[PDB]
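In what follows, every chain begins at residue 1, and chains take the letters A, B, ... in the order their sequences are listed. Keep in mind that the numbers below use all heavy atoms, side chains included, and drop hydrogens, waters and symmetry copies.
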Amino acid sequence: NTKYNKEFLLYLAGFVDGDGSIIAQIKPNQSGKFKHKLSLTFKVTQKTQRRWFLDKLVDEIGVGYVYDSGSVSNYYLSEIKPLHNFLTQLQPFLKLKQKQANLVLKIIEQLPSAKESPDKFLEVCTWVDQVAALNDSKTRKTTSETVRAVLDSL
Amino acid sequence: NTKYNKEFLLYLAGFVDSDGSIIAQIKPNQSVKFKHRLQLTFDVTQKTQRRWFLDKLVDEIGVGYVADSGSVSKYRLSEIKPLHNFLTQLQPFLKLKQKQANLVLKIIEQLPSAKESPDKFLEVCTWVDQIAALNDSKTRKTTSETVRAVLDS
DNA sequence: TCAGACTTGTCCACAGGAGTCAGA
DNA sequence: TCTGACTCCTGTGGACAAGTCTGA
Ligand SMILES: [Mg+2]
Ligand SMILES: [Mg+2]
Ligand SMILES: [Mg+2]
Ligand SMILES: [Mg+2]
């Protein structure tokens, strides 16, 4: 478990509240138990001109990747264990996205228990809904009621 | 001259580098000596549904204002003296806009000497170009060359 | 099977100016 | 004469999703 400097976390929190994104998704997964697959993503977006800034994040956080998409680049972290480690330390300093951060951590922690009963999996899918609600969601398709539709059918 | 807490300045620098803006403008003015005036602006933009965040920023900074326009709100500060003191303290923590901040500080400090010679004023307007060059400028009109043309009269 | 690397798409929520105006 | 408040606007540079595919 990596320990991060406080001044680094304080600046980064401000930058994340601004140009960052804490994302919780429910993805279609045919080769799956409940035909769905949870996905948690911490993301920092920046113009490719300033990709160097995102590249530094990979070294400073110790994990994650940088991908290009159009005229824009993104730092990307979805691996659960270091994500949980990173968000735990970052959370006390977030102002706009603190609740999204806490919800993701909660999803991550109660993740294996959710992969038992279909009811518990659906309860966490509602936690995912709340994250999307807190964000400025605009193109969401798969929700908890989408899961329930494929759940109450079988 | 107020002195800001370091943790506040560290978070703020992050949010400024992300959703904020450091703007230098050359505005036409028929009443002024060189037909152009300078305006420096510290800007923080956010959606109106989060105007409260900008409202807190007014209280914490202790100066500036919040304006609305559409579904988007803005904290802004153009008053030179508090701007200089604010940017002086924020500067060392900035990463993406550190240069813009230093140029604004430089412009402010050379403002009295700028109202003396046209060449020196052009030099200051040149510094305004650099800030715009550092920003993601897309709708800029009046530049130092605009001043050069007018000065040639 | 399944988390995790990586791509593509859309709609803004920003950034970064342009102006005008009152009062100093 | 001169500054700062204040409004309006463009053109993105973000945000927040949607997805494919693979290795063990
Ligand atoms: Mg933002
Ligand atoms: Mg919302
Ligand atoms: Mg930004
Ligand atoms: Mg530029």
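- The interatomic distance linking B:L111 (CG) with D:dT3 (P) rounds to 7 Å, in whole Å.
- Nucleic acid contact class of A:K33 (heavy atoms, under 4.0 Å, all strands): sugar-phosphate only.
- When the nucleotides D:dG4, D:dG14, D:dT7 are ranked by their closest atom to the side chain of B:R76, D:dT7 comes out on top.
- Judged by the sign of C1'-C2'-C3'-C4', the sugar at C:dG17 is north, the angle being positive.
- Residue A:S137 places none of its side-chain N or O atoms closer than 4.0 Å to OP1 or OP2 of D:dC16.
- At a threshold of 4.0 angstrom between heavy atoms, the contacts of A:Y76 include nucleobase atoms, whether or not backbone atoms are also involved.
- Across all their heavy atoms, A:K47 and B:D136 have their closest contact at NZ-OD1, 3.7 Å.
- At the heavy-atom level, B:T41 lies nowhere under 4.0 Å from the strands shown.
- The nearest pair of heavy atoms linking B:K97 to B:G20 is CE-O, 3.1 Å.
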Kindly determine whether B:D129 and B:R140 satisfy side-chain contact (heavy atoms from CB on, under 4.5 Å), including the steps that lead there. CA-CA 10 Å; B:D129 291 333; B:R140 185 163 145 94; 2.3 Å; yes
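- B:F34 and B:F121 have tilted rings, their planes meeting at an angle from 30° to 60° on a 0 to 90° scale.
- Counting all heavy atoms, side chain and backbone alike, A:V58 lies closest to A:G64 at CG1-O, 3.6 Å.
- In this structure, B:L40 places its CG atom 12 Å from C1' of D:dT3, rounding to the nearest Å.
- Groove contact for B:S69: major, since a side-chain heavy atom lies under 5.0 Å from an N7, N6, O6, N4 or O4 of a paired base and none approaches the minor-groove edge.
- Atom CD in B:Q25 sits about 14 Å away from atom P in D:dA5, given to the nearest Å.
- Remark on the helix from C:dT1-D:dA24 to C:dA24-D:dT1: inter-end axis angle 40°, axes from five-pair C1' superpositions, rounded to 10°.
- Read 5' to 3', the first and last nucleotides of DNA chain C with an atom closer than 4.0 Å to a heavy atom of chain A are C:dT1 to C:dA15.
- Taking the charged nitrogens against the carboxylate oxygens, A:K120 and A:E123 do have a contact shorter than 4.0 Å, which makes a salt bridge.
- Residue-level contact check: B:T45 touches the bases, meaning some heavy atom is under 4.0 Å from a base atom.
- You'll find the side chain of A:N102 reaches within 4.5 Å of the side chain of A:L105, heavy atoms only.
- Considering A:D68, A:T45, A:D55 as possible partners of A:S73, the one that fulfils the side-chain hydrogen bond (donor to acceptor under 3.5 Å, both in side chains) test is A:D68.
- The CZ atom of A:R51 sits 15 Å away from the P atom of D:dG14 (whole-angstrom rounding).
- Contacts between residues 84-96 of chain B and DNA chain D, defined by a heavy-atom separation under 4.0 Å, are absent.
- Listed candidates were D:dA17, D:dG11, D:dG14. Nearest to the side chain of A:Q46 is D:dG14.
- Tracing side-chain contacts under 4.5 Å through hydrophobic residues (I, L, V, M, F, W, Y), one reaches B:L96 starting from A:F8; they form part of the same cluster.
- For the pair B:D43 and B:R76, the salt-bridge criterion is met [side-chain N within less than 4.0 Å of a carboxylate O].
- Here the side chains of B:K6 and B:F93 are in contact, with some heavy-atom distance below 4.5 Å.
- Map B:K141 and A:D17 each onto its nearest nucleotide of DNA chain C; the residue landing nearer the 5' end is A:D17.
- Atom P of nucleotide D:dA17 and atom CD1 of A:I26 are separated by 11 Å, given to the nearest angstrom.
- Picking from D:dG13, D:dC2, D:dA5 the nucleotide with the shortest atom distance to the side chain of B:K27 gives D:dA5.
- Contact annotation: A:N74 side-chain N/O to D:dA15 OP1/OP2 distance is not under 4.0 Å.
- Computed from coordinates, the B:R37 CZ to D:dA5 P distance equals 11 Å when rounded to whole Å.
- Side-chain nitrogen and oxygen atoms of B:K47 include none within less than 4.0 Å of the OP1 or OP2 phosphate oxygen of D:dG14.
- The distance between atom CD of A:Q49 and atom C1' of D:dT12, rounded to the nearest whole Å, is 13 Å.
- Using bins of under 30°, 30° to 60° and over 60° for the plane-to-plane angle, the ring pair B:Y4/B:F86 lands in the perpendicular bin.
- Taking only side-chain atoms of A:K138, from C-beta outward, the nucleotide of D:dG4, D:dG14, D:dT1 with the closest atom is D:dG14.
- Between A:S21 and D:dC16 there is a side-chain N or O to OP1 or OP2 distance below 4.0 Å.
- Comparing D:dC16, D:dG4, D:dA15 by their nearest atom to the side chain of A:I23 picks out D:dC16.
- A cation-pi contact, defined as under 6.0 Å to the ring centre and within 45° of the axis, links A:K95 to B:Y11.
- If you measure from atom OH of B:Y65 to atom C1' of D:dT3, you get 12 Å, rounded to the nearest angstrom.
- Between A:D19 and A:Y67, the one whose closest nucleotide on DNA chain C sits nearer the 5' end is A:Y67.
- Where A:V72 and A:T142 each meet DNA chain D at their nearest nucleotide, the meeting point lying more 5' is that of A:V72.
- Contact check for A:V44 versus A:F42: side-chain heavy atoms found under the 4.5 Å cut-off.
- Using a 4.0 Å heavy-atom cutoff across all strands shown, B:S31 reaches at least one base atom of the nucleic acid.
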